[PDB]
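A short write-up of the structure that comes next.
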Amino acid sequence: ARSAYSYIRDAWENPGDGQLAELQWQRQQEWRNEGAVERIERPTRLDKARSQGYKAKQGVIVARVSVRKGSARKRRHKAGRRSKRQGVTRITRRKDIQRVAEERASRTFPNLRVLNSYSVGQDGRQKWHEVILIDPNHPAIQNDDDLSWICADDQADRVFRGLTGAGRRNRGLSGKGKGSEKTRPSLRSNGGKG
Amino acid sequence: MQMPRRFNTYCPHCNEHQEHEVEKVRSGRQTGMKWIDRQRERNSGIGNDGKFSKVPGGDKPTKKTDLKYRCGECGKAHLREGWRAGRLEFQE
Amino acid sequence: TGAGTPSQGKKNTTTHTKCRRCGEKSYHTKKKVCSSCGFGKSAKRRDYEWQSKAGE
Amino acid sequence: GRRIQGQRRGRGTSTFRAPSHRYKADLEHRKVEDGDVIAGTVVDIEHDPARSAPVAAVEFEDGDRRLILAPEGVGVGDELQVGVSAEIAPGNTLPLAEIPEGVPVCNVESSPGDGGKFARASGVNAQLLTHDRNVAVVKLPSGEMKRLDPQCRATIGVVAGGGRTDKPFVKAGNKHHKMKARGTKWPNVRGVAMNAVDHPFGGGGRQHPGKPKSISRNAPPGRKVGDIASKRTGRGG
RNA sequence: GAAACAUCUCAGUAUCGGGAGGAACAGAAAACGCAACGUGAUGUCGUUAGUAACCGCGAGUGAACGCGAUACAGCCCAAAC
RNA sequence: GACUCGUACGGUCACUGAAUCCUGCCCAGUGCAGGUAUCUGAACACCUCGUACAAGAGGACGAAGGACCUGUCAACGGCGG
RNA sequence: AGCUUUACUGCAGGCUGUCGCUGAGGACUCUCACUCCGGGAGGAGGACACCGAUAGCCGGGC
Ligand SMILES: [Cl-]
Ligand SMILES: [Cl-]
Ligand SMILES: [Cl-]
Ligand SMILES: [Cl-]
Ligand SMILES: [K+]
Ligand SMILES: [Mg+2]
Ligand SMILES: [Mg+2]
Ligand SMILES: [Mg+2]
Ligand SMILES: [Mg+2]
Ligand SMILES: [Mg+2]
Ligand SMILES: [Mg+2]
Ligand SMILES: [Mg+2]
Ligand SMILES: [Mg+2]
Ligand SMILES: [Mg+2]
Ligand SMILES: [Mg+2]
Ligand SMILES: [Mg+2]
Ligand SMILES: [Mg+2]
Ligand SMILES: [Mg+2]
Ligand SMILES: [Mg+2]
Ligand SMILES: [Mg+2]
Ligand SMILES: [Mg+2]
Ligand SMILES: [Mg+2]
Ligand SMILES: [Mg+2]
Ligand code: NA
Ligand code: NA
Ligand code: NA
Ligand code: NA
Ligand code: NA
Ligand code: NA
Ligand code: NA
Ligand code: NA
Ligand code: NA
Ligand code: NA
């Protein structure tokens with residue numbers, strides 16, 4: 001039979017309808033008054049969190065992060081530039097807001113490592129994402145066969161090197177075939193043309 | 001100059017002389033779906049758009065003759081070289 | 001007044017001093033920042049790629 | 001070119017800033033839970049460096065000592081009041097509603113409780129005209145008819161120092177001393193006296209503006225100079 | 001550079017911000033598409049090829065599948081119960 | 001964030017440059033501003049055509065702006081045959 | 001190279017429509033988001049404004 005989780009999931013397919021709609025219209029009011037990064041005791045979207053690796057366990061942390069909506073906040077050129085490079089308004093960043101969120105979170109918790117993140121809505125001027133972080137030093141995690149992998153040294157600052165899930169997707173690594181000639185194994189090894 | 005609306009002449013399709021009717025080529029309408037149309041949309045961005053930033057040329061003092069010759073029997077038309085003519089009016 | 005020799009006479013102000021962190025006489029005692037190692041501005045040591053030829 | 005003077009201003013550097021650290025008080029109406037029972041005595045009359053007009057030191061019944069925007073005719077010893085029931089005399093502050101129409105008011109609040117915004121310069125005064133349960137109309141010193149919340153507090157009387165503008169500065173030095181007490185760069189060089197690079201009116205073999213002086217409202221900073229969105233110019237007709 | 005120059009080119013180069021390791025990254029197909037009764041995770045090397053593709057269709061720019069090699073390795077959750 | 005511990009007797013933006021006698025005529029062009037029946041005026045949504053969808057073509061509505069009208073020269077300037 | 005402009009091409013900026021935030025009953029009411037004033041209670045404003053996106057106009061300010 002359906003899991004209880006499936007209901008949380010099925011409700012979030014349309015955050016603008018039903019009870020969830022009224023829930024958001026309410027939460028966001030408190031959210032808009034919270035800070036850039038807020039640690040929260042429980043995931044707002046349980047199905048999604050667990051689906052992404054979450055676990056009600058010691059060393060597993062979650063924090064909601066809000067980032068501004070829109071294009072790049074860019075400064076107009078202060079020296080000679082050909083028309084092509086004189087833009088300001090339409091320039092957008094190559095890293096998506098969800099990735100900016102994962103990074104701001106990880107910096108808030110210097111000892112933790114980003115495991116994954118998911119969207120929890122947006123109002124007219126900002127987006128909120130809940131990031132799941134892990135304490136690579138807690139034995140509760142060092143002894144977990146499903147998460148201890150994030151304890152290895154080579155997983156340090158994984159979010160800053162785009163090893164996150166949203167990182168790899170944003171790096172154009174989803175497709176294993178056509179279209180990923182300039183993305184795999186890395187953007188940089190491909191001359192940064194991806 | 002003046003020009004007969006109809007007259008006998010060679011029909012390249014029938015391969016035999018027949019009465020043709022002369023009409024001025026009316027411009028067909030563009031679809032905006034040709035390859036060039038997609039390149040304009042694709043290649044236009046921030047700053048100058050290269051070729052797509054250029055504007056219409058000018059005019060020659062007199063234009064050449066742009067006509068269609070329709071074979072009165074088979075109904076098929078053919079084109080011919082044109083010649084400079086300040087004005088062209090048909091007779092009947 | 002000439003901007004040359006005559007304006008050289010008022011130069012008795014101390015700015016750049018021996019740096020507590022790198023030992024170079026680049027610690028601006030008024031700004032409290034080392035122009036050489038970045039002490040007082042950066043936890044990380046001051047360093048730029050333009051300090052050497054691009055392919056080296 | 002180079003940024004024009006109007007642009008250097010915004011950066012808020014020393015040259016353009018006001019000598020705030022030399023200012024006495026941020027004149028604002030007192031707050032009263034209600035009742036109006038608040039009253040105090042004028043202890044002194046000081047000079048206000050920020051407004052070139054007198055200000056009054058006042059001690060209230062609850063120990064609070066604060067400078068106040070003094071109207072004309074207030075002297076040491078006098079007792080002033082602040083509240084809904086305050087007496088209707090010069091120097092007292094009460095909401096427009098409790099104020100009788102046709103009475104000169106000063107230091108009027110835009111939003112009730114904001115502390116006073118309108119009519120606070122030397123000798124000026126607002127004019128309460130219409131009352132209502134909803135709107136209290138006041139005629140500001142500019143001549144405009146301002147619709148206001150009757151709950152907006154205001155002081156009775158005209159501001160002190162009236163007529164300050166009647167005497168001419170006579171000499172640059174006097175202007176200098178006044179200018180030094182304000183957030184203003186002075187003296188003023190005419191744009192037409194500058195180089196093209198420095199101002200849209202600069203350049204030429206003789207002094208005259210390049211184009212016409214009336215500039216569009218939409219003009220960008222760096223170009224909005226001269227007669228801004230003038231509806232007309234000159235004195236004729 | 002295009003014998004000017006704006007797209008293009010120089011070049012995702014120089015330079016800047018953040019960060020890992022002894023190597024990084026990638027990686028067990030919602031692949032390929034010599035179309036098959038076929039191949040079978042990923043890097044890399046040789047080639048495919050200056051080919052296809054781009055481009056004031058100017059100057060210029062420029063892959064991939066496959067193949068021959070190197071080395072090979074395959075697994076764990078979420079949910080159902 | 002400056003102006004601003006400021007509020008039109010303010011402060012901003014310009015021109016002229018103490019006093020004295022004065023400062024004519026011109027709103028066609030250009031600028032600014034106000035108005036505007038009508039005309040013109042983009043995109044979204046909407047209607048028609050087209051396409052089992054889509055590209056695309058047309059229509060209706062019409063913002064600021066423009067046409068048109070007015071004000072204005074101590075506004076740019078003009079004051080002849 | 002600096003400077004100019006009704007040189008060519010663009011880029012900021014201002015104005016304006018539209019979409020999102022955004023809700024209840026071609027003109028209108030409301031309050032619950034949102035904004036602002038108030039120490040608070042509460043007041044004003046209010047689906048507009050702000051902000052994000054886009055479209056047209058102006059645009060040697062660059
Ligand atoms: Cl991390
Ligand atoms: Cl013809
Ligand atoms: Cl003054
Ligand atoms: Cl194969
Ligand atoms: K170039
Ligand atoms: Mg363009
Ligand atoms: Mg010098
Ligand atoms: Mg000063
Ligand atoms: Mg104040
Ligand atoms: Mg002057
Ligand atoms: Mg000069
Ligand atoms: Mg200029
Ligand atoms: Mg002169
Ligand atoms: Mg002059
Ligand atoms: Mg060249
Ligand atoms: Mg590599
Ligand atoms: Mg050429
Ligand atoms: Mg290239
Ligand atoms: Mg391929
Ligand atoms: Mg002079
Ligand atoms: Mg030059
Ligand atoms: Mg506030
Ligand atoms: Mg220029
Ligand atoms: Na961290
Ligand atoms: Na790319
Ligand atoms: Na493209
Ligand atoms: Na000039
Ligand atoms: Na050349
Ligand atoms: Na050249
Ligand atoms: Na090109
Ligand atoms: Na005129
Ligand atoms: Na005029
Ligand atoms: Na020069």
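Just so it is clear: chains get the letters A, B, ... in the order the sequence lines come, proteins before strands, and each one is counted from 1. Hydrogens, waters and symmetry mates play no part in the numbers below; they use all other heavy atoms, side chains included.
Using cut-offs of 30° and 60° for the angle between ring planes, the C:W50 and C:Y48 rings count as parallel.
Both distances falling under 3.5 Å, in either a Watson-Crick or a G-U wobble arrangement, place F:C69 opposite F:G34. Base pairing annotation: G:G40 forms no Watson-Crick or G-U wobble pair, as no partner gives both donor-acceptor distances under 3.5 Å. F:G58 and F:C47 make up a base pair, with Watson-Crick or G-U wobble contacts both under 3.5 Å. Look at F:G80: it lacks any Watson-Crick or wobble partner with both distances under 3.5 angstrom. Within the shown strands, E:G38 is the pairing partner of E:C32 under the Watson-Crick or G-U definition, both distances less than 3.5 Å. Across the strands present, G:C57 finds its partner in G:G14; the criterion is a Watson-Crick or G-U wobble pair with both atom distances under 3.5 angstrom. With a 3.5 Å ceiling on both atom-pair distances, the Watson-Crick or G-U wobble partner of E:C67 is E:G46. In this structure, F:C21 forms no base pair with any nucleotide, since neither Watson-Crick nor G-U wobble geometry is met with both distances under 3.5 Å.
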task: May I have the step-by-step check of side chain to side chain donor-acceptor pair (under 3.5 Å) for D:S52 and D:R182, ending in yes or no?
output: CA-CA 10 Å; D:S52 293; D:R182 298 289 188 282; 2.7 Å; yes
message: Go through it in stages, so that I can follow the logic: the residues are D:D48 and D:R120, the test is salt bridge (charged side-chain N to carboxylate O under 4.0 Å, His left out), and I'd like the CA-CA distance, side-chain angles, deciding distance and then a yes or no.
response: CA-CA 12 Å; D:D48 183 13; D:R120 337 205 326 166; over 6 Å; no
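Under the side-chain contact (heavy atoms from CB on, under 4.5 Å) criterion, A:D123 pairs with A:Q28, A:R32, A:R125, A:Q126, A:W128, sequence neighbours left out.
Legend: unstacked base step between F:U23 and F:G24; six-membered ring centres and planes not within 5.5 Å and 30° respectively. Neighbouring nucleotides E:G46 and E:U47 have six-membered base rings whose centres lie under 5.5 Å apart with planes under 30° to each other, which meets the stacking criterion. Classification of the G:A49/G:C50 step: stacked, the six-membered rings being closer than 5.5 Å at their centres and less than 30° apart in plane orientation. For the pair F:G59 and F:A60, the rule of 5.5 Å between ring centres and 30° between base planes classifies them as stacked. In this step of the strand, E:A71 stacks on E:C72, since the centres of their six-membered base rings are under 5.5 Å apart and the ring planes meet at under 30°.
A positive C1'-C2'-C3'-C4' torsion places the sugar of F:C49 in the north, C3'-endo-side range. The pentose of E:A73 belongs to the south class of puckers. Its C1'-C2'-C3'-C4' angle has a negative sign.
The residue among B:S53 and D:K31 whose nearest nucleotide of RNA chain G is located toward the 5' end is B:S53. In this structure, B:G45 and D:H199 both approach RNA chain G, and ranking their closest nucleotides by distance from the 5' end singles out D:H199.
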field: Contact pattern, 5' to 3', of nucleotides 46-62 of chain G - B, S or - by protein heavy atom under 4.0 Å
entry: -----BSS-S---SSBB
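Looking at heavy atoms from C-beta onward, D:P54 lies out of side-chain contact with D:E46 at the 4.5 angstrom threshold. B:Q30 places a side-chain heavy atom less than 4.5 Å from the side chain of B:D37. Counting only heavy atoms from C-beta outward, the side chains of A:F160 and A:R107 approach each other to under 4.5 Å. Using a 4.5 Å heavy-atom cutoff, the side chains of A:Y54 and A:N116 are not in contact. In this structure, A:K95 and A:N170 have side chains that are in contact, with non-hydrogen atoms separated by less than 4.5 Å. Side-chain contact between D:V82 and D:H29 is absent, with no heavy atoms from C-beta onward closer than 4.5 Å.
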Could I get a table of every N or O pair under 3.5 Å where one atom is in the protein and the other is in nucleotides 41-44 of chain E?
unit_1 : atom_1 : unit_2 : atom_2 : d
E:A41  : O2'    : A:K176 : NZ     : 2.7

Please tabulate the protein-to-nucleotide N/O contacts below 3.5 Å involving nucleotides 21-23 of chain F, giving atom names and distances.
none

Set out, line by line, the N/O atom pairs under 3.5 Å between protein and nucleotides 64-73 of chain E.
none

Atom pairs, N/O to N/O, protein against nucleotides 1-8 of chain E, distance under 3.5 Å?
unit_1 : atom_1 : unit_2 : atom_2 : d
E:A6   : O2'    : B:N48  : ND2    : 2.8
E:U7   : OP1    : A:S83  : OG     : 2.6
E:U7   : OP1    : A:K84  : N      : 2.9
E:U7   : OP2    : A:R82  : NH1    : 2.9
E:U7   : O5'    : A:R82  : NH1    : 3.4
E:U7   : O4'    : B:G50  : N      : 3.4
E:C8   : OP2    : A:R82  : NH1    : 2.8
E:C8   : OP2    : A:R82  : NH2    : 2.9

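Heavy atoms of A:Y5 sit under 4.0 angstrom from primed sugar atoms or phosphate atoms, though from no base atom. Residue A:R2 is classed as having no contact, given no heavy-atom separation below 4.0 Å to the nucleic acid. Residue-level contact check: D:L67 touches neither bases nor backbone, having no heavy atom under 4.0 Å from any strand. Within the 4.0 angstrom heavy-atom criterion, only backbone atoms of the sugar-phosphate kind lie near D:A119; the bases stay farther away. Nucleic acid contact class of D:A121 (heavy atoms, under 4.0 Å, all strands): sugar-phosphate only. Using a 4.0 Å heavy-atom criterion, one finds that D:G6 contacts the sugar-phosphate atoms exclusively.
For the residue pair A:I141 and A:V60, the shortest heavy atom distance occurs at CD1-N, 4.0 Å. Summarising the geometry of D:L67 relative to D:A57, their closest heavy-atom pair is CD2-CA, 3.6 Å, with the distance given to 0.1 Å.
In this structure, D:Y23 atom OH and F:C3 atom P are separated by 8 Å, rounded to whole Å. The NZ-P distance, from D:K117 to G:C36, rounds to 14 Å in whole Å.
Between the side chains of D:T93 and D:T155, a donor-acceptor pair is found at a separation under 3.5 Å.
Pairing between E:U70 and E:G43: present (Watson-Crick or G-U wobble, both distances under 3.5 Å). Applying the 3.5 Å cutoff to both bonds, E:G56 and E:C5 register as a Watson-Crick or G-U wobble pair.
To the nearest whole angstrom, the two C1' atoms, one in E:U44 and one in E:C54, are 28 Å apart.
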